[PDB]
Amino acid sequence: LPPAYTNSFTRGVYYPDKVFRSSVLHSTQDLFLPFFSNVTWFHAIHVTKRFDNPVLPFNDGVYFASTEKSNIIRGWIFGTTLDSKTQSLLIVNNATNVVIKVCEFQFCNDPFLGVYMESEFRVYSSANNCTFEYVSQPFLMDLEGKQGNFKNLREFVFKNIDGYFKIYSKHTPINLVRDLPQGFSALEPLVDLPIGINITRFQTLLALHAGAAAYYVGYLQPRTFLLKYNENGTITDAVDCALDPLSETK
Amino acid sequence: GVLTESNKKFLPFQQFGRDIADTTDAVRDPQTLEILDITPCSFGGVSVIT
């Protein structure tokens, strides 16, 4: 599929640390998603050929948003080169939970745990070496099948620093039917991964029936924003302050 | 400091807390998950009147 791009209207804000503040405007410097960016929109409306799941170069943070309601992309395999010699990582939102399986997974020429259940064993062939495996809390993952309006804005931020592969997350129940509209909402941390492996690329584990969906894949950037907390201590506004003269003087 | 019991409300993932001057101001309890203020003790000089 030829990815027809679109515009990122001030999305991708996330509390960078644990600290709390109140009604103060803080100016940080972290890997962020620039405003009004050109997001590599993966139009997943095949009812064309969304089975375009390469080993996408996992840049320094990837705003793997998803306006998907059935989690068609259940999982995300990670690694360096995916050739049976990598202590590779899999974030799989299978029936149990969002399981974090980081092991010396034995890859084949076509590395993917294709659904067949992730039984197309081209990643996992033997748990010969398993440094860790973070089985998360088992929640109501029942092979999600709900669709319709993009209500559950499964916005996801995947950054990997110092071995720690931090996955932020947020769910906002807003009604919308196409690419990211206006509005503002911050993301929270939902897991830190205290591991020490290296990742260079990844994949998007769609649930094979291609298929009809919608999801977007941006790319973060080491910019310097200026946040604005409030009384309740939540981010209500921010400014990408290397974008324009007005933004620079702000 | 004097670990006075706090009043404000933390977001239920936030441990630290600081001020416009960027110094430790509130701390969430690791055990009972409560929030506490902080007020140091350095209190002024000492002058004589004669």
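For chain A, we keep the numbers from Swiss-Prot: what you see runs 24-70, 76-144, 153-245, 260-300, in order.
Per the header: electron microscopy, 3.4 Å.
Note: Cβ is positioned from N, Cα and C throughout, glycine not excepted.
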Report task. Could you pull the disulfide partner of A:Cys166 out of A:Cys131, A:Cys136, going by Swiss-Prot? Result -> A:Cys131
Requested in this report: Can you dig out which of the ranges A:87-99, A:173-185 Swiss-Prot describes as region 'Disordered'?
Outcome: A:173-185
Query raised in the report: So which of these recorded positions, A:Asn165, A:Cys166, A:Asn282, get their C-beta under 8 angstroms from chain B?
Result: A:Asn282
Query raised in the report: Hey, what's the Cβ neighbour count for A:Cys166 (disulfide bond) at 10 Å?
Result: 12
Query raised in the report: Could you count the residues of the region 'Disordered' (A:173-185) that DSSP puts in helix, in strand and in coil?
Result: 0 helix, 0 strand, 13 coil
Requested in this report: From the recorded positions A:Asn61, A:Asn122, A:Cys131, A:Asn165, A:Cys166, pick the residue whose C-alpha lies nearest to the C-alpha of A:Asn282 (N-linked glycosylation site).
Outcome: A:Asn61
